[PDB]
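Per the deposited numbering, residue 1 is the first one in the sequence shown, and the count goes up by one each step.
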Amino acid sequence: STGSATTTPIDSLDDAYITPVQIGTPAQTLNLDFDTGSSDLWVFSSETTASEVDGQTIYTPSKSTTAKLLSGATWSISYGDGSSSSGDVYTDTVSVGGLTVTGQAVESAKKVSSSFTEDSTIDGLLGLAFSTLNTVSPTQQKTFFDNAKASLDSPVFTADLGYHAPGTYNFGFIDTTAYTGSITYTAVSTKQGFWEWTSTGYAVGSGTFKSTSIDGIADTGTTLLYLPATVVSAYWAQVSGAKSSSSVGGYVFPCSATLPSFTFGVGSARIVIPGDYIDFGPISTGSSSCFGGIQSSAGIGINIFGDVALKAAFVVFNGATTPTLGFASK
């Protein structure tokens, strides 16, 4: 089997992407944030504290003939941005882009933190990291991909995120019309539960490529690109007036600037992030200070190849016995 679903930016800045997911019988369609940096599929639901729902589409298990309470199971998750959610668990039928998993753990939110409430466009998250990170207790549950894997034509999914435009998540096949040149594959460590890999270096604009190993995670659920402070300083030093602001919480730059591109290494291959991808607009409405799309990972504890990086590529998440990541230009 295979599946293919369109993923759509939630706003003009590509702060995140939502993908429609069918849950239950009859189908309840929710727009979920596919997150290769976590491993819980959780949704706004009929059980979510009323004051914490503001515009989201909710899953109502009692209206699904295939929903079953996973007795005793609870979940609770906290993300790198400080947001969180928690609740109980049903199993139900979940389909993505024509691909159906029966018996999927659907984690029903009783509580969500303010960040989720305030984002009316995201009805929940669908985790695609490794199932070892799943938070369901006392019986850990599998991700959608993990459950689908054996049935898939090939044990892979691909992320093809758009810049200011829709893209595609495919399951079980590689669309060879969706990228240019070749796909360069690189080793993955699953030791932290993430799609963790080592970039071979970087370049700023038309500058020379610096060979240096940068360990990081491929994370569709993080907006920006988070790299070591040395690397980020080297980038913003090429932008007149750019500075790191503790008050804002990162590098800002004059909105009048033309940003240089950023290149990262995948083995001997190179992925180029156009400068425009790194512009996340005024820090506040009407400001002439703009927020940078490349930020320091110092004090995150890990480097993160978020959407800024991934949307410049066609990315293969290979869930073979020995997992790997593949990157192609597009």
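Yeah, the Cβ is synthetic: ideal placement off N, Cα and C, and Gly gets one too.
For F116, the uninterrupted alpha helix (DSSP H) segment begins and ends at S114 to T117.
Within the same chain, Cβ atoms closer than 8 Å to the Cβ of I300 are found at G80 and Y226, the five residues on either side in sequence being excluded.
Contact annotation, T74 with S137: C-beta distance approximately 6 Å; criterion of less than 8 Å satisfied. In the three-state DSSP reduction, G72 falls in the strand class (E or B). The stretch 270-288 makes contact with the stretch 307-319; the number of CB pairs closer than 8 Å reaches 3 or more. Taking 8 Å as the cut-off, the Cβ atoms of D160 and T2 do not count as close. Between the alpha carbons of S233 and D175 lies a gap of roughly 37 Å. Between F317 and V156 the beta-carbon gap is near 6 Å, inside 8 Å, which marks them as a contact. In this structure, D40 sits away from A67, with a CB-CB distance that is not shorter than 8 Å. Of the residues assessed, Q28 falls on the buried side of the cut-off, its CB having 16 or more other CB atoms within 10 angstroms. Non-local beta-carbon contacts of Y179 in its own chain, meaning distances under 6 Å to residues more than five positions away in sequence, involve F314, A328 and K330 in chain order. Closest in C-alpha terms to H164, from the list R270, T322, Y17 and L325, comes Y17. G249 and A242 have their C-alpha atoms roughly 13 Å apart.
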